[PDB]
Amino acid sequence: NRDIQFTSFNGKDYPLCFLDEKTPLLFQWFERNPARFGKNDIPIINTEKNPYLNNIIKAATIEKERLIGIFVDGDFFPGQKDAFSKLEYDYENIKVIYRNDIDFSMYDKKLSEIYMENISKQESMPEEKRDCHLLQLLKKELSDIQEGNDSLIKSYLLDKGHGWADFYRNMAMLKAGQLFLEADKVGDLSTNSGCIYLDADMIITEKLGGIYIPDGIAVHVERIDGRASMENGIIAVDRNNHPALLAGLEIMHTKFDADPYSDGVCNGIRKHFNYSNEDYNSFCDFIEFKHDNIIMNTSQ
């Protein structure tokens with residue numbers, strides 16, 4: 001509304017920006033084994049203990065005035081893409097966005113460039129503090145680089161773990177509201193380009209309402225027995241190319257084998273706020289996404 005509000009971390013004040021009740025939601029489904037689903041089924045796991053499509057449909061049915069993205073990748077059968085088109089037709093606020101249809105080149109770097117800056121960073125490293133093996137592996141990987149394969153973004157399309165989904169999610173979230181604009185799925189703003197990423201296990205039990213996040217970014221924090229950690233389930237951004245995620249992308253461009261979750265999000269947010277030596281815990285209550293309307297499918 002009319003007046004900007006502030007919060008303090010480490011004695012510095014920071015602007016709270018306001019994600020209105022129209023801010024889009026983004027879910028993600030990157031599927032290794034489309035063959036597990038019926039040939040004309042929605043290819044998202046939907047079982048009583050894992051009701052992920054139901055969670056997404058619930059969010060869409062609760063937040064009628066929000067766009068609901070499903071950012072998808074994997075070799076889907078053509079009748080599963082047909083199922084996805086039917087979902088968009090059934091629920092007019094659900095918008096399916098294929099990774100394949102989005103250009104991520106503006107966030108790319110040559111593997112050769114990352115490898116060689118790391119070599120130079122080590123080889124020039126004052127003493128033998130050098131990781132002998134990292135130096136050795138870097139020089140060999142620099143050698144086995146195919147012509148149209150010198151891409152940090154293409155490399156994550158061959159990632160064998162969580163890195164395939166988490167790297168692309170970070171870049172989807174660098175695009176934020178502009179993701180819907182890029183996919184021609186808007187029915188938005190040149191300013192109001194915020195977005196809230198939610199993991200498909202999160203359940204909106206009722207209407208989110210307006211949300212205040214600090215300096216335009218907030219993350220899932222989990223607490224177990226009084227210890228807090230930042231988590232990848234919830235990322236809320238004030239706009240596209242939010243500086244914290246660019247900080248995270250900068251680490252992904254410099255640190256060889258950087259983790260897209262702990263470097264691409266956590267470390268990036270950390271650098272943006274210049275944290276480090278203070279309490280992780282006090283930082284975690286600061287950066288935490290406040291909702292109270294998003295439980296997981298493991299609660300009573």
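The rules behind these values
- Residues numbered from 1 in each chain as written, not as in the entry; some residues may be left out.
- Heavy atoms only, no water.
- Core = buried A, V, L, I, M, F, W, Y, C linked by side-chain atoms within 4.5 Å.
- Buried < 20%, exposed > 50% of the residue type's maximum accessible area, 1.4 Å probe, protein only.
- Helix = DSSP H or I, 4+ residues; strand = E, 2+ residues; numbered from the N terminus.
- Domains from an automatic or database assignment.
- Contact = heavy atoms within 4.5 Å.
- 1 Å grid on protein atoms, 1.4 Å probe; cavity = no way out; pocket = protein on both sides within 12 Å on 5 of 7 lines; lining within 4 Å.
- Points joined across faces, edges and corners; volume = space filled by probe spheres on them.
- Nonpolar A, V, L, I, M, F, W, Y, C, P; charged D, E, K, R; others polar.

What the deposited record gives as its method is X-ray crystallography, and the resolution it gives is 2.20 Å.

The name recorded for the chain in the PDB entry is Type III secretion system effector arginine glycosyltransferase SseK1, from Salmonella enterica.

(A) Molecular detail of the nonpolar core. If you look at the biggest cluster of nonpolar residues, it comprises 57 residues, and the most contacted ones within it are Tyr168 and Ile269. Considering each element in turn, this core owes the most residues, eight residues, to helix α6 (residues 163-175). Inspection of this core shows a minimum of three residues originating in each of domain 1 (1-110 + 151-300) and domain 2 (111-150). In this view, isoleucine 269 contacts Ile217, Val219, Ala244, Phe283 and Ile287; residues no more than four positions away in its chain are not counted. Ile57, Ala200, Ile211 and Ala218 belong to the second-largest nonpolar core, a separate cluster that totals 37 residues.

(B) Broad picture of empty space enclosed by the protein. As a volume, the largest cavity reaches approximately 50 Å³. Lining the largest cavity are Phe167, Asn170, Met171, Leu174, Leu245, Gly248, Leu249, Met252 and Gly264. Of all the secondary structure elements, the ones that give two or more residues to the lining of the largest cavity are α6 and α8 (243-254). Looking at side-chain class alone, the lining of the largest cavity contains six nonpolar, three polar and no charged residues.

(C) Spotlight on the environment of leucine 245. One can find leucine 245 in helix α8. Considered as a pair, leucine 245 and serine 193 are 52 residues apart in the sequence and their alpha carbons are 14 Å apart. With sequence-adjacent residues up to four places away left out, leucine 245 is seen in contact with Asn170, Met173, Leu174, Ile217, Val237 and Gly264.

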